[PDB]
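Right, one structure below, let's go through it.
Numbering (PDB author numbering), first residue to last: 4 to 76.
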């Protein structure tokens, strides 16, 4: 998961690096390993830059984001 080059600030479920970085920046001391997909999904949908459909996520998408968060942490 590497950085994309969007011109807009809006993030899509596939922007794994950007979302993971956002979560890390917003919740600096929360251990990503302990986070449940059910909760993370909601936190991502509430991100200011989130610009996708909440229904469009899946476990592969969320695992990618969780792994980026773990890396940033």
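Where a beta carbon is used, it is the ideal one built from N, C-alpha and C, also for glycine.
Original post:
When burial is assigned at 16 or more other CB atoms within 10 Å of the CB, is residue 21 buried or exposed?
Top reply: buried
**OP:** Give the secondary structure of residue 14 by DSSP, where H, G and I count as helix, E and B as strand, and everything else as coil.
**Re:** strand
Original post:
By the 10 Å Cβ neighbour count, where 16 or more other Cβ atoms means buried, how is residue 18 classified, buried or exposed?
Top reply: buried
Original post:
For the alpha helix (DSSP H) that residue 45 lies in, which residues bound it at each end?
Top reply: 40-48
**OP:** Please go through the same chain and pick out, in chain order, the residues whose beta-carbon is closer than 6 Å to the beta-carbon of residue 4, but skip the five residues on each side of it.
**Re:** 19, 20, 67 and 71
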